[PDB]
Ligand SMILES: Cc1cc2nc3c(=O)[nH]c(=O)nc-3n(C[C@H](O)[C@H](O)[C@H](O)COP(=O)(O)OP(=O)(O)OC[C@H]3O[C@@H](n4cnc5c(N)ncnc54)[C@H](O)[C@@H]3O)c2cc1C
Ligand SMILES: Cc1cc2nc3c(=O)[nH]c(=O)nc-3n(C[C@H](O)[C@H](O)[C@H](O)COP(=O)(O)OP(=O)(O)OC[C@H]3O[C@@H](n4cnc5c(N)ncnc54)[C@H](O)[C@@H]3O)c2cc1C
Ligand SMILES: [Cl-]
Ligand SMILES: [Cl-]
Ligand SMILES: [Cl-]
Ligand SMILES: [Cl-]
Ligand SMILES: [Cl-]
Ligand SMILES: [Cl-]
Ligand SMILES: [Mg+2]
Ligand SMILES: [Mg+2]
């Protein structure tokens, strides 16, 4: 007998299950994934997404760093080699450890992991079809839909798991492709392209839109594109793929650019133009759940669906398709079910791109602030002259703040540089506390540290950074 | 002619000068240092302190990582070697670039750098004795004393800057010593010891006191001692040096620990038992400035001396001997001179140790909180299970929070691990905003990041971390 049934065992689903167990609910988490013959919790994030991509980014970064960034330190290595199979096996081991860890967490919280598929029926009943055995009809009072996402498909570039792959296949190439095409220049394509480029592939990253990273602050995307291009990442803009032709162990990409039909041949092609909500087999025709024209489950600000007691979260519903967004939505849904007015602040959700250097941002871009009626003032300071960055040999990028000129209210923070993914949390925290730019100016930041650039950027908003020319 | 005269061109002094110039004052900064044959600003921090030590820590960390932490990633190399002269030259070039940078900042701000010594005479008069030129007596309205510090000297281990060196010589060894003795297990000794150990030295560190890092939280110092010892730093607690003996190119350290007289021989010995205020040639006998006990210029909370119009900042006065403390006291002194009730919060000053892994803390330790009357609750979470840390091969250490059990007020943060120097700024900001533990619990931290360990530790304070087994 379960009070709450969660359909989906990804970041959203398992976080919700754990929080519910902490609050006294009798919980079931239904998750169908079987990864290399083992049922596995963790969703996209752990099994074929965030974690594996971060592992390959770290290993490939170490390789590039060893070949190209040791000479200035007076360090020599002679030959430098990588064994791709060992590099990939390390990633697989990390994934195994982490998915085993979540399984242990559910067991420790007294949560039952139902291995199989779940479907929401009328009256909030849930059909559980196990991998092996008798189908069960559960009758919970509450249900959290957390079915996540899958890759967007491009009909003219069909994935075959061999020459043309999606992000899953891109994390598993058995050899480094000599020529690699990547369709999509969002966070996923930039990261996957960087991994293989560092390991020796000649990479072309296609972006069909006329703009690079459209949701990022324009100053950030402009500088970031410049930085990635400088590293050898060939980002091709205004290129719309119109067809593909697989001939043996090669694939030719036909694309339109500047009104002309062009072509380029690659050894492997990655299709990563985004992800879409996945809800196949999620809802019975009489579930009573309202859908949107774009394929999402409709919810309000608190993730509540049209059916009382049924919440929907993560990549399945509106908002940035990020792991932490799914996790906090899971917690919010459970707390709401339990009567607490929990709320995710969608204006303080962090975005990170794990390239090197990293890019990260939170809050409003300069354009968004202007669009929303703010009289805007901005300020930025670079890592180029930062003592810590020079010592580390990582003097590139900057910290930019967006603020209100009338109230001095901090509205957004945009960063490219060392420790960007952890530095952006400083801005996120300041935003949660409704910080003014002055609040940050009055604080003592450690010296020498990458973080003091944050302080200098705060001073620069009012044109008074100490170390500015 | 000058409104303000600052005696000392270290972080405290030049920071004060620039702020003063921004506020419209005509400023003179008197700095005597002659480094590598020419006059140079930046003080201890830039010339023989923070910056050069950070450069060597980074290069030595690269060497160690290349020898020992590439195999797990499937990366192999030929025989790894380092050219010590070139490694040191890199550090020297970074210091030269930075010192030149400060010089051009003073000129850009319309500040006159007087190259020579300064002395506060009666009636706020200041005697400038240039290195080359006529001596002049200036009559400013305000004076800031920022003469800084120098190492503590111990007649038992006299510095010849060859066999027995202080922190300055320790940053310039012409060859890696096979056996290195380090007197002092403070931040500086742990860092200098780590540099040379990484480069091949067999290192022993003597600490006179019965405790390791007594100002740190006990849980942090305990784990940190274990980590550093396992790396190869033989940290000898309660080891009091009674004498040194130099025999040719070797030095025997005689010392007492646990009741027994012992000795060991080394190729080099570093003396870094702390730093003391430096005020030689700073004050005329009739300057009118008050003193305390050991050797500090007495000042109130705003760095005001007993003489109206005269302030004293940085290592010259009470408080943590840190660059950022000097920097903030310099800005405070200048804003007080200008009429504003500026204030430095000494309970939010960050301490960082730049070993690998890094250690960092801010606020109250668990013992300090109890001493001040708080009913204390604590929470901690480790990087060992953090996905980002596993991906990076940095899975060690933890984040620990100290908080009041009755009011939920956050009191301190203590970190060992990846990005510690930057993660600790998150705690610093939360303390500046008078954060409760619940405030941090309700925030969305990015996933996967080292920073989400902060969130888990906040939740662990109330025994509800989602990922705690
Ligand atoms: C290559 C790549 C890299 C990424 N990198 C990052 C990053 O750096 N940072 C970041 O924040 N995000 C990243 N993401 C996105 C992140 O993985 C998702 O935002 C996150 O996994 C969404 O979590 P979720 O719980 O909503 O859905 P999912 O993680 O997709 O989990 C849903 C789970 O439910 C299961 N399921 C679906 N339907 C049913 C059913 N009817 N019955 C039983 N089980 C079902 C699925 O098997 C799936 O495992 C990345 C994604 C990819 C593909
Ligand atoms: C090896 C080492 C590593 C360190 N690492 C760190 C770290 O990681 N983080 C950190 O926060 N701190 C660190 N410190 C400490 C830091 O360098 C000091 O706290 C900081 O430099 C203090 O700045 P200041 O302006 O008070 O004095 P100083 O930096 O000492 O500057 C004072 C300057 O004034 C000059 N002077 C003195 N008397 C006169 C006079 N009468 N006339 C003219 N000039 C005069 C001196 O020559 C000196 O150049 C380190 C120190 C050392 C030795
Ligand atoms: Cl994808
Ligand atoms: Cl695939
Ligand atoms: Cl913008
Ligand atoms: Cl201490
Ligand atoms: Cl303690
Ligand atoms: Cl005294
Ligand atoms: Mg066009
Ligand atoms: Mg306020």
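Chains as they are written, first to last, in UniProt numbering: chain A, 4 to 472; chain B, 4 to 472. C-beta atoms are modelled at their ideal positions from N, C-alpha and C, and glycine is treated no differently.
Are the beta-carbon atoms of residue i and residue j separated by less than 9 Å?
{"i": "residue 401/A", "j": "residue 420/A", "result": "yes"}
{"i": "residue 204/B", "j": "residue 179/B", "result": "yes"}
{"i": "residue 6/A", "j": "residue 125/A", "result": "no"}
{"i": "residue 153/B", "j": "residue 279/B", "result": "yes"}
{"i": "residue 287/B", "j": "residue 122/B", "result": "yes"}
{"i": "residue 430/A", "j": "residue 404/A", "result": "yes"}
{"i": "residue 395/B", "j": "residue 99/A", "result": "no"}
{"i": "residue 302/A", "j": "residue 320/A", "result": "yes"}
{"i": "residue 447/A", "j": "residue 328/B", "result": "yes"}
{"i": "residue 369/B", "j": "residue 221/B", "result": "yes"}
{"i": "residue 177/A", "j": "residue 87/A", "result": "yes"}
{"i": "residue 436/B", "j": "residue 433/A", "result": "yes"}
{"i": "residue 241/A", "j": "residue 210/A", "result": "yes"}
{"i": "residue 350/B", "j": "residue 378/B", "result": "no"}
{"i": "residue 140/A", "j": "residue 244/A", "result": "no"}
{"i": "residue 84/A", "j": "residue 20/A", "result": "no"}
{"i": "residue 120/A", "j": "residue 50/A", "result": "no"}
{"i": "residue 219/B", "j": "residue 417/B", "result": "yes"}
{"i": "residue 224/B", "j": "residue 191/B", "result": "no"}
{"i": "residue 3/A", "j": "residue 472/A", "result": "The structure shown has nothing for residue 3/A, since chain A only spans 4 to 472."}
Which stretch, first to last residue, makes up the beta strand (DSSP E) that contains residue i?
{"i": "residue 354/A", "result": "354-356"}
{"i": "residue 259/A", "result": "253-260"}
{"i": "residue 268/B", "result": "263-269"}
{"i": "residue 7/B", "result": "7-10"}
{"i": "residue 207/B", "result": "205-210"}
{"i": "residue 381/B", "result": "379-385"}
{"i": "residue 361/A", "result": "361-366"}
{"i": "residue 314/A", "result": "313-315"}
{"i": "residue 427/B", "result": "Note, residue 427/B: premise wrong, no beta strand (DSSP E); alpha helix (DSSP H) at 423-435."}
{"i": "residue 406/A", "result": "401-407"}
Identify the continuous alpha helix (DSSP H) that holds residue i and give its terminal residues.
{"i": "residue 245/A", "result": "No alpha helix (DSSP H) contains residue 245/A, which is instead part of the beta strand (DSSP E) from 243-250."}
{"i": "residue 496/B", "result": "What is shown of chain B runs 4 to 472, which leaves residue 496/B out entirely."}
{"i": "residue 227/A", "result": "221-233"}
{"i": "residue 32/B", "result": "It is not in any alpha helix (DSSP H) - residue 32/B instead sits in the beta strand (DSSP E) that spans 30-34."}
{"i": "residue 334/B", "result": "326-340"}
{"i": "residue 462/A", "result": "455-464"}
{"i": "residue 442/A", "result": "440-444"}
{"i": "residue 391/B", "result": "390-395"}
Going along the chain, which residues of the segment 423-434 of chain B sit with their C-beta nearer than 8 Å to a C-beta in chain A?
-> 424, 425, 426, 427, 428, 429, 431, 432 and 433
Curious, which full-length beta strand (DSSP E) runs of at least 3 residues does the segment 70-156 of chain A contain?
-> 83-85, 115-123, 129-133, 139-141, 145-148 and 152-154
Could you name the residues of the segment 349-370 of chain A whose beta carbon sits closer than 7 Å to any beta carbon of chain B, in the order they occur along the chain?
-> 351, 352, 353 and 355
The segment 13-32 of chain A: positions lying closer than 9 Å to chain B by Cβ = 14, 17, 18, 21, 22 and 25
Test item, CB below 5 Å from any non-hydrogen atom of ligand 5 = 220/A, 221/A, 368/A, 369/A and 370/A
Using a beta-carbon distance cut-off of less than 9 Å, what residues from the segment 275-296 of chain B approach chain D?
-> Considering every chain present, this structure includes no chain D. Its protein chains are A and B.
Using the beta-carbon of each residue, find all residues closer than 6 Å to any heavy atom of ligand 4 and list them in chain order.
-> 162/A, 164/A, 168/A, 169/A, 171/A and 172/A
Run through the segment 159-198 of chain A for me and flag every whole alpha helix (DSSP H) of 4 or more residues, listed as ranges in chain order.
-> 170-173
Quick one: which residues of the segment 299-324 of chain A get their C-beta closer than 8 Å to a C-beta of chain B? List them in chain order.
-> none
Chain B contacts from the segment 70-81 of chain A (Cβ-Cβ distance under 7 Å) | 73, 75, 76, 77, 78, 79, 80 and 81
For the segment 100-121 of chain A, enumerate the residues whose C-beta is nearer than 8 Å to any C-beta of chain B, in chain order.
-> 100, 101, 104, 107, 108 and 111
Any residue whose CB is nearer than 7 Å to a heavy atom belonging to ligand 8, listed in chain order | 294/B, 295/B, 296/B, 297/B, 298/B and 299/B
If you measure beta-carbon to beta-carbon, which residues of the segment 450-470 of chain B are closer than 8 Å to chain A?
-> 450, 451, 452, 453, 454, 455, 457, 467, 469 and 470
Taking any Cβ of chain A, which residues in the segment 373-394 of chain B have a Cβ under 7 Å from it, in chain order?
-> 388, 390, 391, 393 and 394
Please name the residues in the segment 52-66 of chain B whose beta-carbon is closer than 8 Å to at least one beta-carbon of chain A, in chain order.
-> 53, 54, 57, 58, 60, 61, 62, 65 and 66
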